[PDB]
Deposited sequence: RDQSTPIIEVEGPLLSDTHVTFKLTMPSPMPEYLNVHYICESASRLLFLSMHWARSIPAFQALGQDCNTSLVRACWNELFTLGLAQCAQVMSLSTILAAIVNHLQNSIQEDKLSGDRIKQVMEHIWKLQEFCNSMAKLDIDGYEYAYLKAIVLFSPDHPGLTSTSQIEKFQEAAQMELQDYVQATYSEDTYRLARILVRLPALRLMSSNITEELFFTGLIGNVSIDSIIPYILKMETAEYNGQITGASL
């Protein structure tokens, strides 16, 4: 009913001003040709670019490293996939490899399916850069995942994010009222997709063996 100091006796859950700033930008450059196993590096650029976008949020750094590192550890795959559809301009990854080679109903197909279908849905809805920046925001500041240390602070961020995201849709797309809701009903799809299947498929090269989850903390350093 009245939280100026969180469950603990250190922080102070302070309300918001203006959440996300100019983060609406997200470029993703890439070097040379043909489909070897540089894929790992491609997904890395996104993965990396994703960690920074989030670490750059004036309300994210407030949570402190201990809380940040954990939050991100709880949704990197949602962010990665959100951005996947947003930068899907590259992905020609028909990485459906058919299974030592002397003189097993693994459903990785479903995951790839859901993945394509989600990108597609978001394309069909023509989600713009702004909505993406906020959609990622609503995802990042989820009070659902267990193991989070912020109390109502995180809650107060998701509130603003969805708040500020209703406003942008409210104006920018006045011909469509049921659009916002149409966008929010996409978020559940991000949870249906397994983080592991996503890791096995993209990150295998170098980052693949080390467990992206353990590397997260260092990616948040620089």
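Q: Which segments of the deposited sequence lack C-alpha coordinates in the modelled structure, numbering from residue 1?
A: Unmodelled stretches: 100, 103-105, 108-116, 236-249.
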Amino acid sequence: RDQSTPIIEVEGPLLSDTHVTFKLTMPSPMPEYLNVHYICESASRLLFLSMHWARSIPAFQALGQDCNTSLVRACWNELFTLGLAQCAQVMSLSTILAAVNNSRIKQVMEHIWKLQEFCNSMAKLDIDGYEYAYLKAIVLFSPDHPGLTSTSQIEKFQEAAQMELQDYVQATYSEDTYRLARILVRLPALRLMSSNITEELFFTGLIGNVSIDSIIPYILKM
From here on, numbers count along this sequence of modelled residues.
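Q: Could you check which stretch, 69-77 or 105-113, carries the larger mean CA temperature factor in the entry?
A: Between 69-77 and 105-113, it is 105-113.
Q: Mean CA temperature factor from the deposited coordinates, higher in 8-16 or in 195-203?
A: In the deposited entry, the stretch with the higher C-alpha B-factor mean is 8-16.
Q: Per the PDB entry, which option out of 35, 44, 50, 166 has the greatest Cα B factor?
A: Each of 35, 44, 50, 166 was compared by C-alpha B-factor; the highest is 35.
Q: Can you tell me which of 39, 54, 183, 154 has the maximum CA B-factor listed in the PDB entry?
A: Highest C-alpha B-factor among the listed options: 39.
Q: Among the chain's modelled residues, which third holds the C-alpha B-factor of residue 82?
A: Tercile = lowest for this residue's CA B-factor.
Q: Could you say whether, by C-alpha temperature factor, residue 138 belongs to the lowest, middle or highest third of its chain?
A: Its C-alpha B-factor belongs to the lowest third of this chain's values.
Q: Check where residue 123 lands among this chain's C-alpha B-factors and tell me if it's the lowest, middle or highest third.
A: For residue 123, whose C-alpha B-factor we compare with every modelled residue in the chain, the answer is the lowest third.
Q: Which third, lowest, middle or highest, does the CA B-factor of residue 189 fall in along this chain?
A: Lowest third - that is where residue 189 ends up once the chain's C-alpha B-factors are sorted.
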